[PDB]
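Accompanying notes for the structure given below.
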Amino acid sequence: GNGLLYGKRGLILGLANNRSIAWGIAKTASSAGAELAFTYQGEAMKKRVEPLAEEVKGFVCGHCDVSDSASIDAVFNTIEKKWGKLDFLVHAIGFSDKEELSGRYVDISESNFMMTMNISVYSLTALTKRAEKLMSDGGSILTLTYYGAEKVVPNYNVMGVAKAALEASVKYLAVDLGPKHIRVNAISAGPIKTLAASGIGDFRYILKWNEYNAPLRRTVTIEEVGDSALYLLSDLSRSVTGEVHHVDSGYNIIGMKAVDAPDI
Amino acid sequence: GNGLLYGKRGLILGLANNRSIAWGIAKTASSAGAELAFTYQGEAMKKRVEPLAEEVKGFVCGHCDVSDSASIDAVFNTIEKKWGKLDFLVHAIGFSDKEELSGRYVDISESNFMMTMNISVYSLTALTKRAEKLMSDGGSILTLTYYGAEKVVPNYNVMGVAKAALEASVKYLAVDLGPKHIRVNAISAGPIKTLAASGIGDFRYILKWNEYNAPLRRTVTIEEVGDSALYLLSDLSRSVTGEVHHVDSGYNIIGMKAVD
Amino acid sequence: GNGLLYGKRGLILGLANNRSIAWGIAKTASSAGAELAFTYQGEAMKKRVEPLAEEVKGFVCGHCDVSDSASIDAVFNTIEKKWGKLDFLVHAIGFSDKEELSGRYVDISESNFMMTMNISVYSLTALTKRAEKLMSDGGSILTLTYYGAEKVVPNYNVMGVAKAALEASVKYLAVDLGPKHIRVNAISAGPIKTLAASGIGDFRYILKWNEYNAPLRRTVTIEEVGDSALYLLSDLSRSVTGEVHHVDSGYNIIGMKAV
Amino acid sequence: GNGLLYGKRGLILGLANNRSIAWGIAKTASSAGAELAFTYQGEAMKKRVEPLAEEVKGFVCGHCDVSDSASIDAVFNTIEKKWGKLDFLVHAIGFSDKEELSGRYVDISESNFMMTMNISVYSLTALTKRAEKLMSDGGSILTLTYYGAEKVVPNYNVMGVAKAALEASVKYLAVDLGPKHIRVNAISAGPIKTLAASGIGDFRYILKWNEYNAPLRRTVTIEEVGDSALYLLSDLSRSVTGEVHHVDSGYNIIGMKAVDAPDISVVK
Ligand SMILES: NC(=O)c1ccc[n+]([C@@H]2O[C@H](COP(=O)([O-])OP(=O)(O)OC[C@H]3O[C@@H](n4cnc5c(N)ncnc54)[C@H](O)[C@@H]3O)[C@@H](O)[C@H]2O)c1
Ligand SMILES: NC(=O)c1ccc[n+]([C@@H]2O[C@H](COP(=O)([O-])OP(=O)(O)OC[C@H]3O[C@@H](n4cnc5c(N)ncnc54)[C@H](O)[C@@H]3O)[C@@H](O)[C@H]2O)c1
Ligand SMILES: NC(=O)c1ccc[n+]([C@@H]2O[C@H](COP(=O)([O-])OP(=O)(O)OC[C@H]3O[C@@H](n4cnc5c(N)ncnc54)[C@H](O)[C@@H]3O)[C@@H](O)[C@H]2O)c1
Ligand SMILES: NC(=O)c1ccc[n+]([C@@H]2O[C@H](COP(=O)([O-])OP(=O)(O)OC[C@H]3O[C@@H](n4cnc5c(N)ncnc54)[C@H](O)[C@@H]3O)[C@@H](O)[C@H]2O)c1
Numbered sequence: 004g005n006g007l008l009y010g011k012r013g014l015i016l017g018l019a020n021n022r023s024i025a026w027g028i029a030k031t032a033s034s035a036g037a038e039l040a041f042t043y044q045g046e047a048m049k050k051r052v053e054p055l056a057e058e059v060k061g062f063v064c065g066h067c068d069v070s071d072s073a074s075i076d077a078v079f080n081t082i083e084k085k086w087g088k089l090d091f092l093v094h095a096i097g098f099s100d101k102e103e104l105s106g107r108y109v110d111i112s113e114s115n116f117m118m119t120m121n122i123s124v125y126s127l128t129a130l131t132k133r134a135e136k137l138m139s140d141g142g143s144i145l146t147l148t149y150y151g152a153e154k155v156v157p158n159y160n161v162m163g164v165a166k167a168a169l170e171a172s173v174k175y176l177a178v179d180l181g182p183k184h185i186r187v188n189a190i191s192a193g194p195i196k197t198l199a200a201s202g203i204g205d206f207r208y209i210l211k212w213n214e215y216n217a218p219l220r221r222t223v224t225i226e227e228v229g230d231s232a233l234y235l236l237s238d239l240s241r242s243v244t245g246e247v248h249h250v251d252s253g254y255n256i257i258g259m260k261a262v263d264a265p266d267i
Numbered sequence: 004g005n006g007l008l009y010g011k012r013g014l015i016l017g018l019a020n021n022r023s024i025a026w027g028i029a030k031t032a033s034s035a036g037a038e039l040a041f042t043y044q045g046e047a048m049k050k051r052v053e054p055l056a057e058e059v060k061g062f063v064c065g066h067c068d069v070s071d072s073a074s075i076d077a078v079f080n081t082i083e084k085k086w087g088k089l090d091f092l093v094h095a096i097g098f099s100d101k102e103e104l105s106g107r108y109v110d111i112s113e114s115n116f117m118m119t120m121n122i123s124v125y126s127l128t129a130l131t132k133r134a135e136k137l138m139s140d141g142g143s144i145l146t147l148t149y150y151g152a153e154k155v156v157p158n159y160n161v162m163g164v165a166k167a168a169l170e171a172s173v174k175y176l177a178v179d180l181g182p183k184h185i186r187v188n189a190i191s192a193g194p195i196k197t198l199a200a201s202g203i204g205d206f207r208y209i210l211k212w213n214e215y216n217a218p219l220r221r222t223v224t225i226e227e228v229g230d231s232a233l234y235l236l237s238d239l240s241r242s243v244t245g246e247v248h249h250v251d252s253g254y255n256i257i258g259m260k261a262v263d
Numbered sequence: 004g005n006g007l008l009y010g011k012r013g014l015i016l017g018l019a020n021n022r023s024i025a026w027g028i029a030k031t032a033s034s035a036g037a038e039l040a041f042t043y044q045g046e047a048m049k050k051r052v053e054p055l056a057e058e059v060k061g062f063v064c065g066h067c068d069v070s071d072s073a074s075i076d077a078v079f080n081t082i083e084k085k086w087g088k089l090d091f092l093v094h095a096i097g098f099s100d101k102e103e104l105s106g107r108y109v110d111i112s113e114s115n116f117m118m119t120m121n122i123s124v125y126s127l128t129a130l131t132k133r134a135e136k137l138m139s140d141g142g143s144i145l146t147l148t149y150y151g152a153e154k155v156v157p158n159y160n161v162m163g164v165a166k167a168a169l170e171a172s173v174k175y176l177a178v179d180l181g182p183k184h185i186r187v188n189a190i191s192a193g194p195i196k197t198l199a200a201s202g203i204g205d206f207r208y209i210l211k212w213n214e215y216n217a218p219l220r221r222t223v224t225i226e227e228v229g230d231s232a233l234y235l236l237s238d239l240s241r242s243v244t245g246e247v248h249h250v251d252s253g254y255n256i257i258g259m260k261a262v
Numbered sequence: 004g005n006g007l008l009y010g011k012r013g014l015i016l017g018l019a020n021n022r023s024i025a026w027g028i029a030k031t032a033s034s035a036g037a038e039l040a041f042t043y044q045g046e047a048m049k050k051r052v053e054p055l056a057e058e059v060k061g062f063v064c065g066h067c068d069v070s071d072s073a074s075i076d077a078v079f080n081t082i083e084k085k086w087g088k089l090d091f092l093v094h095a096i097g098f099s100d101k102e103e104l105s106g107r108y109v110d111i112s113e114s115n116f117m118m119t120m121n122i123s124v125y126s127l128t129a130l131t132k133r134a135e136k137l138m139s140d141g142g143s144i145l146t147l148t149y150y151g152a153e154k155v156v157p158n159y160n161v162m163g164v165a166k167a168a169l170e171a172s173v174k175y176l177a178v179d180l181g182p183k184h185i186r187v188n189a190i191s192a193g194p195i196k197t198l199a200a201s202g203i204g205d206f207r208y209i210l211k212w213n214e215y216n217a218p219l220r221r222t223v224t225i226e227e228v229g230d231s232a233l234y235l236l237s238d239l240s241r242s243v244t245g246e247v248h249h250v251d252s253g254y255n256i257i258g259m260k261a262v263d264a265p266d267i268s269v270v271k
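Chains as they are written, first to last, in the deposited numbering: chain A, 4 to 267; chain C, 4 to 263; chain B, 4 to 262; chain D, 4 to 271.
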């Protein structure tokens with residue numbers, strides 16, 4: 004191991020299965036030395052999270068639905084009693100109504116708008132606020148975003164609006180926690196075939212488009228994103244805060260399909 | 004007049020008093036020949052909107068609170084019956100808790116976050132759903148935003164997060180409706196002394212900082228924002244959509260305190 | 004007309020023929036009341052600029068090649084003698100080796116890099132140096148840029164690097180001259196079939212890609228860019244400076260193929 | 004050792020002294036296992052580079068002035084004979100007339116504009132041209148930029164125009180070389196007291212301003228930039244290209260001084 008998180012203790016929310024971006028981050032951080040606490044969303048997720056948590060010599064700290072303030076408080080109560088401190092926090096939580104991830108953005112329902120904003124955006128602020136006084140000087144908070152916050156990606160619709168709000172909240176949070184040297188950053192990941200991302204209409208097309216048009220000519224993996232997360236969670240990135248870090252084979256820099264790019 | 008909106012018909016939501024940005028927009032648009040309709044938020048706002056509408060020979064189409072879906076349906080039904088089609092729409096509505104626009108972003112309540120996102124962001128999508136039906140022949144939709152959507156500005160907090168979502172929704176809406184040639188744009192205005200803008204704490208300092216450090220060495224007025232709105236509402240800008248247009252004396256371009 | 008430039012006088016550099024973006028700017032500005040002066044780049048351009056200037060009752064103030072500082076001085080002397088003051092200036096000048104607007108950016112030549120940077124970027128600062136003396140009462144300076152400054156557009160290559168420097172210089176000039184109320188802005192135009200743009204490798208493809216995928220589902224014209232330029236040159240935009248303004252049917256906002 | 008650059012060979016251009024950003028990058032890359040080669044710009048620089056190179060078990064591969072294309076090809080000939088392949092390249096080179104890093108950008112001279120663009124921008128493209136054949140199995144190319152490319156920083160002037168071109172060239176190069184898995188990125192560094200940066204007018208004001216107004220309430224060090232560079236030069240960042248990575252204590256995210264942040268008074 005590289006020892007980059009030796010003796011560090013961190014909390015990961017959003018582990019769903021062994022395809023989760025959160026699982027890539029967990030494997031990498033654990034190999035780097037971190038002891039990891041995991042939450043789970045509802046009893047079903049629990050049976051899948053438990054053997055994964057055992058595999059990284061971490062542990063399951065409890066149920067957390069981020070719309071449930073009491074479940075947030077309980078999780079951080081557990082951490083406080085068990086560790087008395089928290090070195091880093093990974094926010095890998097996102098939700099939007101899969102039915103409305105298609106057609107036109109203008110046709111979304113209000114309930115989908117409110118639910119998407121609350122689960123995908125406010126939850127990072129709620130978690131950071133509850134975590135602030137537990138967090139060590141020099142700590143690191145990490146969330147995940149997508150290029151659809153910057154440019155219009157079809158079928159991503161209200162989630163793009165939500166991710167633009169998430170990236171802005173990262174900057175405001177970074178200013179709030181900066182004097183405590185707690186950094187707040189986001190990885191803008193390229194598309195990866197996960198449970199939640201499968202709900203996007205025509206996701207197969209989006210993957211191939213990235214494979215054909217991204218500079219590196221391939222899509223990224225949870226292990227690659229995990230290594231980039233390790234950098235932002237470790238002291239290697241101690242002067243980096245408020246940053247949207249693209250881990251996407253360079254896709255975000257292209258302004259047009261290559262004329263000789265193959266047709267999908 | 005310059006005739007840039009001659010014969011055009013537009014709906015303005017968000018006129019509150021004679022210092023509103025919406026009032027600068029209304030005055031310029033009327034002088035350019037537009038027929039204007041106005042909503043009002045509640046009975047106390049109605050008392051101020053009626054004489055201002057009279058001054059520009061516009062008309063008041065009724066009460067609209069954007070948290071009340073039925074009232075949105077009602078004012079758009081009124082406009083549809085009177086005019087049939089709409090040429091432009093101005094969305095000058097924003098709201099956030101005044102007491103939390105001071106102190107730390109991280110300290111905001113969930114209720115304030117959700118209310119701000121709904122009134123300041125969702126409302127544009129809610130209104131555009133209805134307006135699209137009246138703009139089959141094309142049109143222009145305009146909202147208002149602020150540099151705190153791009154960079155951290157003191158005391159703007161959750162409104163900065165909300166305006167970042169608003170600017171993104173402008174681009175998603177512009178993609179939705181572009182094939183119908185309905186354009187959707189935003190003006191990123193500099194700070195101006197209005198009623199809503201007075202709630203932001205330390206506002207006097209924000210104004211002076213812009214006055215002393217913006218390239219043009221002065222803050223902007225509702226009449227200047229009105230003239231930029233006129234461009235975006237008129238056919239002059241017929242190839243512009245999804246744009247966030249800074250009308251801020253250039254403040255958004257500086258990276259540090261000006262030299263003098 | 005709309006009168007937006009009534010009583011105003013401006014200088015336009017970069018008119019090549021009746022397809023130039025500068026020609027759309029000229030026609031619109033003339034219809035809005037502006038008195039216009041034009042330069043030309045050499046004898047071949049002169050044969051078209053002179054009668055075109057006549058069609059908008061404009062003034063031909065002479066030859067200007069922005070690589071030739073003496074010729075810049077002479078046109079501004081000519082302007083100063085005739086007018087005294089200048090209300091606005093249009094910089095519609097760009098150049099690169101068309102043979103290298105293809106293949107890989109990394110294969111460009113050093114001489115092409117330097118020539119492109121000089122003609123396409125430094126020229127705006129050089130022209131602004133002289134316009135400043137004539138713009139004591141304020142004014143508006145406009146240049147033209149392209150989305151290839153922000154994101155990679157294939158075959159645009161060193162012109163993309165150049166336009167990124169241009170957009171930055173617009174902002175630094177805006178800080179310099181803003182206290183004198185001289186505004187400096189750029190229009191980021193969508194692709195248009197002009198003499199200069201036609202040398203871009205696979206330019207037809209870039210046009211069609213924009214036609215099929217821009218929000219408005221069409222490319223833009225010199226008359227549409229001219230109307231946006233009118234706004235930025237007129238007092239309607241008197242609180243706008245340092246701005247990069249997209250006139251491109253919304254193309255710059257998309258992140259993937261349209262559906 | 005963390006071993007993140009175990010067995011890797013890299014070339015570093017731009018080491019001037021023990022305060023250079025390139026020195027921080029070199030110390031970190033060497034600690035992580037890298038075998039390093041250094042150029043020097045002239046004889047006065049050579050006197051400082053040779054002992055610094057020895058300190059990191061590095062090796063000096065000769066004189067390079069990027070306005071002299073013969074010297075570029077010479078050092079890449081030396082590298083190709085000693086090593087054959089190259090894993091990473093560090094471009095820590097910038098220049099502009101320090102007498103004009105003050106007053107108004109509109110008053111710059113044409114020769115200063117052209118010389119700044121050539122040394123500070125085209126040099127990255129020229130170096131990458133040669134490095135391409137030595138990086139046939141992939142690699143990582145890193146340059147340094149500054150937030151004055153994005154927003155106006157007074158007295159940075161033509162250097163900000165140049166850094167905007169440099170950042171664009173990073174993206175175009177990343178597209179060119181991506182298919183060969185050669186990544187091209189930039190670190191946007193916050194201000195650091197170095198030889199070159201000291202030429203900026205009132206650079207101490209820019210430093211104090213960053214200390215009070217950056218989110219982390221401090222300016223950055225060459226060791227911190229070195230650690231961020233380690234990430235971009237190593238396989239940990241193998242899916243990252245075309246990136247402008249801010250290592251600036253977060254300064255770039257600020258849109259206005261806080262109301263209660265200090266108003267700096269100055270004395271002569
Ligand atoms: N997969 C991609 O292509 C991609 C690309 C860019 C960004 N991202 C982001 O990565 C993050 C992780 O998603 P993923 O792709 O790994 O998918 P995933 O399905 O593995 O993870 C999403 C997680 O969100 C959790 N979640 C949803 N609503 C919740 C709630 N109310 N309370 C608590 N937890 C809740 C789920 O339990 C799940 O663990 C998301 O923020 C997503 O937007 C993903
Ligand atoms: N004033 C500035 O300095 C400034 C700067 C940048 C952007 N803006 C934006 O300009 C817009 C107009 O603000 P202003 O400065 O003219 O202030 P204002 O006080 O004159 O107008 C705000 C309007 O919002 C309306 N509104 C609020 N909640 C509503 C609801 N639930 N339903 C219906 N209407 C509702 C009010 O009725 C009022 O007319 C806002 O979106 C604001 O964010 C203002
Ligand atoms: N046409 C497009 O698609 C497009 C898109 C974005 C931006 N632009 C920009 O618009 C501007 C005008 O170009 P256009 O498309 O109208 O083409 P054009 O061929 O009509 O005009 C280009 C002009 O540049 C002039 N020029 C070149 N080198 C010169 C020199 N050394 N000295 C003086 N003048 C010189 C030519 O004489 C000509 O008048 C350029 O800056 C171009 O990059 C064009
Ligand atoms: N120091 C800062 O505050 C700061 C901030 C942001 C970015 N940067 C960038 O970091 C890089 C390194 O600068 P530094 O601060 O370490 O300063 P430095 O003085 O330590 O290094 C600058 C180097 O550029 C080299 N150089 C200049 N002209 C050259 C030429 N013609 N040929 C070859 N080499 C040449 C010098 O020999 C020197 O080694 C530069 O690109 C600079 O713009 C510095």
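Quick reminder that beta carbons are idealized off the backbone N, C-alpha and C, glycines included.
> When you compare only the Cα positions, how much space is there between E246/B and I256/C?
Replying inline: Each residue's alpha carbon lies about 8 Å from the other.
> Is the Cβ of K174/B closer than 8 Å to any Cβ of chain C?
Replying inline: With 8 Å as the cut-off, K174/B counts as an interface residue toward chain C.
> CB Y149/A to CB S123/A, shorter than 8 Å?
Replying inline: Their beta carbons are not under 8 Å apart, which means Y149/A does not touch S123/A by this criterion.
> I75/B lies in the alpha helix (DSSP H); which residues open and close that run?
Replying inline: Here the alpha helix (DSSP H) through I75/B covers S72 to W86.
> Name the chain C residues whose beta carbon is nearer than 9 Å to that of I195/A?
Replying inline: By Cβ distance, chain C contributes nothing, its closest Cβ being about 22 Å from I195/A, past 9 Å.
>> I'd like the span of the beta strand (DSSP E) that includes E102/B, first residue to last.
In response: It is not in any beta strand (DSSP E) - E102/B carries neither H nor E in the DSSP assignment.
>> Assuming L239/C and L233/B are in contact, meaning their beta carbons sit under 8 Å apart, how far apart are those beta carbons, in whole angstroms?
In response: Between the beta-carbon of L239/C and that of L233/B there is about 7 Å, and that keeps the pair under the 8 Å contact cut.
> Rounded to the nearest angstrom, how far is the Cβ of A199/B from that of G65/B, given a contact under 8 Å?
Replying inline: Not really, about 21 Å apart at Cβ, beyond 8 Å.
> Grouping DSSP H, G and I as helix and E and B as strand, with all else coil, what is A152/A?
Replying inline: Three-state DSSP puts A152/A in a helix.
>> Contact criterion: CB-CB distance below 8 Å. Does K132/D meet it with respect to chain B?
In response: Yes, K132/D counts as interfacial toward chain B.
> Cβ of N160/C less than 8 Å from any chain A Cβ?
Replying inline: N160/C counts as touching chain A.
> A189/B bridges to which residues according to DSSP?
Replying inline: In the DSSP output, where bridge partners are listed per residue, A189/B has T146/B and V247/B.
>> Is the separation between the beta-carbon of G87/D and that of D68/D shorter than 8 Å?
In response: No, these two residues do not count as a Cβ contact at 8 Å.
> Which of the three DSSP states, helix, strand or coil, is assigned to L239/A?
Replying inline: In the structure shown, the three-state DSSP call for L239/A is helix.
> Is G97/B near ligand 3, judged by its Cβ being under 7 Å from some heavy atom?
Replying inline: Indeed, a heavy atom of ligand 3 lies less than 7 Å from the Cβ.
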